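Below is one structure; the comments refer to it alone.
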Amino acid sequence: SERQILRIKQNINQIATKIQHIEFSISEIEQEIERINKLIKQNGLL
Amino acid sequence: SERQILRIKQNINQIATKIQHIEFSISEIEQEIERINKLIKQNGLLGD
Amino acid sequence: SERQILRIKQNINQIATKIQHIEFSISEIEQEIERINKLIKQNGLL
């Protein structure tokens, strides 16, 4: 059915949008974790 | 082809639920990191 | 509607596969944060 297929496609797109947003969030987080790991290292913790 | 349509819609719900949990875990992580940054600043560590 | 339904299902699988990679990324971040909290603790910060 044409109408339901169309709606499904729209939902898929919105989900791909949320996945984009999520991947960015994870990348920023991993950058922050590296930054922290490195400063923890430089301040001589262990 | 209604049953295959329903099958797909079910998968979409299942995915959205997964996205939800994921977003929440991210929330918690971001707050933990904010906390760690705070205590880092407070103890006057160099770098950043 | 057949080729369209099949492509939709293809996209569903690619999304499911991405979500799996994202969960693994989150698990790794959570372990690194656990480790960071350990080191901060051992060093008597704050």
Side-chain angles (χ1 to χ4, degrees):
Chain A
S1 168
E2 69 294 329
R3 198 172 48 96
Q4 298 312 317
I5 287 287
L6 160 64
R7 301 173 88 251
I8 281 166
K9 292 208 69 169
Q10 294 175 332
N11 289 346
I12 304 294
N13 291 329
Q14 245 210 352
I15 280 188
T17 298
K18 279 186 207 290
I19 296 278
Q20 287 181 2
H21 186 252
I22 286 166
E23 289 171 335
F24 285 143
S25 284
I26 287 161
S27 68
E28 165 170 288
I29 289 178
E30 294 173 347
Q31 156 198 267
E32 293 308 276
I33 295 297
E34 292 173 35
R35 183 184 61 71
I36 297 172
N37 280 326
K38 176 190 206 187
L39 83 89
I40 295 318
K41 179 183 55 191
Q42 289 174 327
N43 281 273
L45 308 189
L46 277 76
Chain B
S1 36
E2 289 87 352
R3 91 230 114 272
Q4 169 69 106
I5 286 306
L6 247 287
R7 217 171 283 137
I8 291 168
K9 279 166 172 179
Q10 287 169 16
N11 282 172
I12 291 158
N13 171 72
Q14 292 156 15
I15 287 173
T17 301
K18 284 178 189 219
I19 289 320
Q20 279 170 290
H21 292 288
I22 280 179
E23 284 169 325
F24 176 81
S25 308
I26 283 162
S27 284
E28 301 277 87
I29 291 161
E30 280 169 342
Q31 284 197 353
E32 192 68 17
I33 288 172
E34 200 179 347
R35 196 184 62 72
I36 285 159
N37 282 315
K38 222 182 308 162
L39 95 77
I40 276 175
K41 174 121 305 192
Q42 291 180 356
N43 296 267
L45 276 43
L46 301 185
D48 199 337
Chain C
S1 61
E2 62 282 327
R3 97 162 176 217
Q4 244 167 32
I5 278 169
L6 199 60
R7 292 183 181 182
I8 279 158
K9 296 195 281 211
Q10 264 157 20
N11 292 341
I12 291 308
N13 287 339
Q14 137 146 280
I15 288 160
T17 294
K18 276 174 191 174
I19 292 181
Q20 206 178 47
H21 303 349
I22 285 164
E23 284 157 344
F24 169 59
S25 287
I26 284 168
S27 296
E28 295 243 296
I29 290 169
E30 278 165 350
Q31 292 171 334
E32 279 285 77
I33 283 179
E34 199 162 11
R35 174 198 90 97
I36 291 183
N37 290 326
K38 209 65 250 173
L39 303 195
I40 291 176
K41 201 162 179 302
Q42 303 193 359
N43 286 93
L45 270 56
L46 173 73

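Just so we're on the same page: letters track the sequence lines, and every chain starts at 1. Values reported hereafter were calculated over all heavy atoms of this structure, with side chains retained and with hydrogens, waters and symmetry mates removed.
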Item to check | Interatomic distance, B/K18 atom NZ to C/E23 atom CD [nearest 0.5 angstrom] | outcome: 5.5 Å
Next on the checklist: Quick check: closest heavy atoms across C/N43 and A/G44, and the distance to 0.1 Å?
Outcome noted: ND2-O, 4.3 Å
Next on the checklist: With clusters defined by side-chain heavy atoms of hydrophobic residues (ILVMFWY) lying less than 4.5 Å apart, directly or transitively, does A/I12 cluster with B/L6?
Outcome noted: no
Checklist entry - Between C/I22 and A/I19, is a side-chain contact (heavy atoms from CB on, under 4.5 Å) present by the stated rule, with each step listed? => result CA-CA 9 Å; C/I22 285 164; A/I19 296 278; 4.0 Å; yes
Checklist entry - Which value, rounded to the nearest 0.5 Å, describes the distance between B/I26 atom CD1 and A/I29 atom CD1? => result 5.5 Å
Checklist entry - Roughly how far, to the nearest 0.5 Å, is CD1 of B/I8 from CZ of B/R3? => result 10.5 Å
Checklist entry - What's the spacing between B/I40 CD1 and A/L39 CG if we round to 0.5 Å? => result 4.5 Å
Checklist outcome for this item: Heavy-atom nearest pair, B/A16 first then A/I15, reads N-CD1, 4.3 Å
Checklist entry - Quick one: CD1 on C/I33 to CZ on B/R35, what's the gap to the nearest 0.5 Å? => result 9.0 Å
Next on the checklist: Could you report the tightest heavy-atom contact between B/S1 and A/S1, atom names first, then the distance?
Outcome noted: OG-N, 3.8 Å
Item to check | Between B/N37 and A/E32: side-chain donor-acceptor atoms closer than 3.5 Å | outcome: no
Checklist entry - Are more than 12 heavy atoms from other residues, nucleotides or ligands located less than 6.0 Å from atom CD of C/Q42? => result yes
Item to check | Under 3.5 Å side-chain donor-acceptor pair for B/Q14 and B/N11 | outcome: yes
Checklist entry - Quick one: CD1 on B/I5 to CZ on A/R7, what's the gap to the nearest 0.5 Å? => result 11.0 Å
Next on the checklist: Does A/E28 form a side-chain contact (heavy atoms from CB on, under 4.5 Å) with A/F24? I'd like the steps, not just the answer.
Outcome noted: CA-CA 6 Å; A/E28 165 170 288; A/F24 285 143; over 6 Å; no
Checklist entry - Taking a hydrophobic cluster as the set of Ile, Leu, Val, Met, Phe, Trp and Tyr residues connected by side-chain heavy atoms closer than 4.5 Å, whether directly or through intermediates, do A/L46 and C/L45 fall within one such cluster? => result yes
Next on the checklist: Under a plain distance cut-off of 3.5 Å, with no hydrogens placed, do A/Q4 and B/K9 share a side-chain donor-acceptor pair?
Outcome noted: yes
